[PDB]
Amino acid sequence: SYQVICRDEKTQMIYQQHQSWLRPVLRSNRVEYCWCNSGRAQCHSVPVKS
């Protein structure tokens, strides 16, 4: 009921506030890092050279 979740349509999974959840890469080998900063899903791309 309250606003504290984050709906990600790129995976179809909900997340809580300040919650972190990774996502597939773009086309190379990077990783999509994203976490709820308030309810808009804050994302940032930081590679990992796997």
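Here chain A follows Swiss-Prot for its numbers: 36-85, in order, are the residues you see.
If you're wondering, the header gives solution NMR.
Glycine residues also receive a Cβ, built from the backbone N, Cα and C atoms like all the rest.
Features as listed in Swiss-Prot:
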DOMAIN    39-81  domain 'Fibronectin type-I'
DISULFID  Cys41-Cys71  disulfide bond
REGION    42-52  region 'Important for binding to annexin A2'
DISULFID  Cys69-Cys78  disulfide bond
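Most Cβ neighbours within 10 Å among the disulfide-bonded residues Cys41, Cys69, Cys78: this distinction goes to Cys41. Of the recorded residues, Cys78 (disulfide bond) and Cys71 (disulfide bond) place their C-alpha atoms 8 Å from one another. The DSSP breakdown of the region 'Important for binding to annexin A2' (42-52) into helical (H, G, I), extended (E, B) and coil residues amounts to 0 helix, 5 strand, 6 coil.
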